[PDB]
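Contents: one structure, followed by commentary.
Just the heavy atoms: all of them, side chains too, but no hydrogens, waters or symmetry mates, feed the values below. The sequence lines fix the lettering, A, B, ..., with proteins before strands; numbering per chain opens at 1.
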Number of protein chains: 2
Amino acid sequence: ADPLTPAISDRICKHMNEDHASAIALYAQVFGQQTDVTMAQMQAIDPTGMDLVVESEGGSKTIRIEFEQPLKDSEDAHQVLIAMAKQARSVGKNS
Amino acid sequence: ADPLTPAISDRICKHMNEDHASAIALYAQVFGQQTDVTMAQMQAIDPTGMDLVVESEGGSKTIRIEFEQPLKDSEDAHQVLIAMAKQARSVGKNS
Ligand code: HEM
C-alpha cells in the first residue's frame, strides 16, 4: 500500500468524514474519552495518531488519539480504523 | 466513486482475498449458506452480486450471492461488504 503522506491522510479523512462519521464519533467517545459527542470529524491521520474535531454541548474540541504501533502504509490505517470501530462498539455498550 | 468495472472488481477482490479472507468465509457461511467452510475467496464482484470460491471438506465450489439492490460504484461496494460482515458475524453466533 501507499505510505501515509499528508496527501493520503487528506483522502482517508475526507472519506471517513463523508461516509463513516458514526465510527469517528465512536472513536471520540471510547478512545478519546469524550462524553456527550454530538458529531466528530477526522482532521488528520498520520503514522502515530489521528486528530479529531469533536462537537458536544460545550462546543468544539480537538483531540489526538495515539496508536500503540505506528502505521506504515494505508493498509495499516485501514486495519486500525476497522479494529477501533469494532472495539469502540464493544465498549460503548457499557458506560 | 468509480463505477464497478471488471478492473475495479479485480482490485476489490484482490484486496479482500489478501486482507479480509475471514470476512469472505463469513459471507460464504451466512449468505452462501455453506456449512463447514475452510476458506473462501472472492472471484468477482459486480453491480448485482459476488462470486465466491469456497473450500470445505468436499473440495471447492463456486457460489454467487446476489445483492438486494444493485451497486452503482465502489462506495456502494464498500458499504455492502461492511454491512454483510457485520450481519454475518451476528448470524454466525447462532447455528
Ligand atoms: C479496496 C478497497 C477496500 C476494501 C475491499 C475494503 C473492505 C472493507 C471490509 C470488508 C470492511 C469490513 C471489515 C470487517 O468488519 O471485518 C471494511 C471496513 C472499513 N473500511 Fe474498508 N475497504 C476498502 C477501502 C477503504 C478505504 C479507502 C477506507 C477509508 C478511507 C476504508 C475505511 C473503512 C472503515 C472505516 C471500515 C469500518 C467501518 C465500520 O466499522 O462501520 N476502507 N472495509
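Listed here is the closest heavy atom pair of B:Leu81 and B:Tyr27: O-OH, 2.7 Å. Considering every non-hydrogen atom in both B:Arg89 and B:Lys93, the closest pair reads O-CG, 3.3 Å. For the pair B:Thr38 and B:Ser56, the tightest heavy-atom approach, listed with the atom from each and the gap, is OG1-CA, 4.0 Å. Counting all heavy atoms, side chain and backbone alike, B:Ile63 lies closest to B:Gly32 at CD1-CA, 3.6 Å. Between B:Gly92 and B:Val30, the shortest heavy-atom contact is N-CG2, 4.0 Å. For A:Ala28 against A:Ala40, the heavy-atom pair with the smallest separation is CB-CB, 4.0 Å.
Residue pairs that meet the ring-ring contact (aromatic ring centres under 6.0 Å, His included) test with at least one member in residues 66-95 of chain A, sequence neighbours left out, are A:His78-B:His15, A:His78-B:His20. Applying the side-chain hydrogen bond (donor to acceptor under 3.5 Å, both in side chains) rule to pairs touching residues 64-75 of chain B yields B:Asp46-B:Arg64, B:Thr48-B:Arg64, B:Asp51-B:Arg64, B:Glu75-B:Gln79, sequence neighbours excluded.
At a threshold of 4.5 Å between side-chain heavy atoms, the hydrophobic network of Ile, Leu, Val, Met, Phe, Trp and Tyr places B:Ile82 and B:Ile45 in two separate groups. Hydrophobic clustering, with ILVMFWY side chains joined whenever heavy atoms are under 4.5 angstrom apart, keeps A:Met16 apart from A:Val53. In the hydrophobic clustering of this structure, A:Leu26 does not group with A:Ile65; members are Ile, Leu, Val, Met, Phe, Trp, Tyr whose side-chain heavy atoms approach within less than 4.5 Å, directly or through other members.
Taking CZ from A:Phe31 and CE from A:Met84, the interatomic distance works out to 4.5 Å, rounded to the nearest 0.5 Å. One finds the CG atom of A:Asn17 at 9.5 Å from the CD atom of A:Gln43 (value rounded to the nearest 0.5 Å). Distance check, rounded to the nearest 0.5 Å: SG of A:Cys13 to CD1 of A:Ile24 gives 7.5 Å.
Between the side chain of B:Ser60 and the backbone N or O of B:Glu55 there is no donor-acceptor pair closer than 3.5 Å.
By the 4.5 Å heavy-atom criterion applied to side chains, A:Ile12 and A:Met50 are not counted as neighbours. Put simply, the side chain of B:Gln41 does not reach to within 4.5 Å of the side chain of B:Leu52, judged on heavy atoms.
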